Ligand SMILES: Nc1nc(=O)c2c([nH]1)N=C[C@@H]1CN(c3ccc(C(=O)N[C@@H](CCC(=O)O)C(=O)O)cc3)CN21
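First, one chain by itself in C-alpha cells, the form solved without 5,10-methylene-6-hydrofolic acid (TMF).
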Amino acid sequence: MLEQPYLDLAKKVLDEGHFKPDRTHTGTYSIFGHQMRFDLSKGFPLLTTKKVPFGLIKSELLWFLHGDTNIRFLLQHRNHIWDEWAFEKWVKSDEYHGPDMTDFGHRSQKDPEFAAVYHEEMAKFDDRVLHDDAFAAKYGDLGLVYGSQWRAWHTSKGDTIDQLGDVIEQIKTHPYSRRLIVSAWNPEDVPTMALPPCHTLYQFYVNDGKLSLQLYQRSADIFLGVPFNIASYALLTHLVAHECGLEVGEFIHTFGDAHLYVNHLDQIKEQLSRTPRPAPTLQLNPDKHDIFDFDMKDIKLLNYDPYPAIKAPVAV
C-alpha cells in the first residue's frame, strides 16, 4: 500500500538501529542514509495507520508559502506547532516577569502543577501575539524559519531572494533543469540558530510532464515527525504542479539521521500491527492557480479514513 515505505522505515530502525545518545536526555535508535519513494498518482501519503491532523500541515505549509515568519498566522488557524520557539524568546526578555520557566519542556514533562503554570504563561503569550500588534511584531516573529529561507533569503548586498518563486519560474521556462533546488541551510546563520533547518534542501525534476520532488532531511524523528514531514512535502509537490500545470510524479524522501526515540517503541510496535487502508485523495481548487495566494479552503483531502491517533511522549 502507499504508506508501506514508512512502516518499512520504522521496522528497519527497530531491527537495525544503533542505540545512540543525542541532545535530549531521551535516547534514540538510529540509522544514517535512507530513501523512500511515494508515487503521488496512486494517492496522497497521509498515514491511515494513525490519525494525522492534516489541517496543521495545510496551515503550516501556507504560512511557509506566504513567506511568513510570524506565529500570529498559525495561532489564528489554531496551530501551535511553532509556539515554543517564540515563547522561548518571550521568556528571556526584560518584559517577561512571571514564574522562571527555564528549558520549559523538560520541567513541564516531569511536571508539577508547573505544567498549568507553563500552560497559563503560554495561554497569555499566545493571546498577546493575537491581539497585541506590537507584541506580535516583537515576539511573534521567529525571523529565520522556512517562510523566510524559502522566500526571502538575505544577500550580502542586503536584498532578498525568493528562491521558491524563482525556481517555479525556472520550472515553467526550463523544466529540464537539474538546478531546481531550494536550500534552507545557511552556513552564516546555522551556528547561532536554535533549531538549524531539519529539511535542509529539496530538488524538483520534471519528466514526461510529471513533477517529482526530492527532500534531504538531515535528522528525522520517525514516530512523531516523519508522518507530518511526508505529507507537507507531498503537498508542496502537488501545489507546485498545480501552479505549473503539470501532473504529479513522486515524492522521494532522503534521510541523513532517521531516529526512533526509545520512549516511542511500544507505540510504533502497536502501529505496526495495523493494516493500511486505501489512501486519501487531494483536491486542489481548479480555478485558483497562484499557490502563494491559496487559502486553507483551497486544498481538500477526500476519503481520509485513518486508524485512531496514537498518543506518545514528545522527546526532551
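Numbering starts at 1 and runs along the sequence shown. In this text, the rigid core denotes the largest set of C-alpha atoms whose superposition between the two forms falls within 1.5 Å.
Comparing 158-166 with 112-120 by root mean square Cα distance to the shown form in 4 other deposited structures of this protein, with the rigid core used for the fit, gives 112-120 as the more displaced stretch. Relative to the displayed structure, the C-alphas of 89-97 lie farther away on average in 4 other deposited structures of this protein than those of the other candidate, with 89-97 and 69-77 compared after rigid core superposition. Judged by mean Cα B factor in the deposited record, 103-111 ranks above the other of 103-111 and 131-139. As recorded in the PDB entry, 13-21 is the stretch of 298-306 and 13-21 with the greater mean C-alpha temperature factor. Of the candidates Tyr205, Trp82, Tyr118, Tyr216, the deposited coordinates give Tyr118 the top C-alpha B factor. Each of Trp153, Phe87, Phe223, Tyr233 has a CA temperature factor in the record; the biggest one is found at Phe87.
In this PDB entry, the Cα temperature factor of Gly165 sits in the bottom third of its chain's modelled residues, the lowest group. Among the modelled residues of its chain, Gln149 has a C-alpha B-factor that falls in the middle third according to the deposited record. Looking at the C-alpha B-factors along this chain, the one for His77 belongs to the highest third. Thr200: CA B factor lies in the middle third for its chain, per the PDB record. When the modelled residues of the chain are ordered by C-alpha B-factor, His253 sits in the lowest third.
Although it is not shown, the form deposited with 5,10-methylene-6-hydrofolic acid (TMF) bound is what the next lines describe.
Using a 2.4 Å cut-off against backbone and C-beta atoms, 5,10-methylene-6-hydrofolic acid (TMF), superposed onto this form from its pose in the bound PDB entry, places 3 or more atoms that close, and the site is blocked.
Though the partner is left out of this view, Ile81 does reach within 4.5 Å of 5,10-methylene-6-hydrofolic acid (TMF) in the bound PDB entry, counting heavy atoms only. Taking the partner from elsewhere, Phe228 is found to have a heavy atom lying within 4.5 Å of 5,10-methylene-6-hydrofolic acid (TMF) in the bound PDB entry. Contact check for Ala136: no non-hydrogen atom falls within 4.5 Å of 5,10-methylene-6-hydrofolic acid (TMF) in the bound PDB entry.
Although the partner is absent here, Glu60 sits close enough that one of its heavy atoms falls within 4.5 Å of 5,10-methylene-6-hydrofolic acid (TMF) in the bound PDB entry. Contact with 5,10-methylene-6-hydrofolic acid (TMF) in the bound PDB entry, defined as a heavy atom within 4.5 Å, is made by all three of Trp85, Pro196 and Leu224. Here the chain stands alone, but in the bound PDB entry its contact with 5,10-methylene-6-hydrofolic acid (TMF), taken as any heavy atom within 4.5 Å, falls in 188-196 among 206-214, 237-245, 188-196, 150-158. Residue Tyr146 is the only one in 127-154 with at least one heavy atom within 4.5 Å of 5,10-methylene-6-hydrofolic acid (TMF) in the bound PDB entry.
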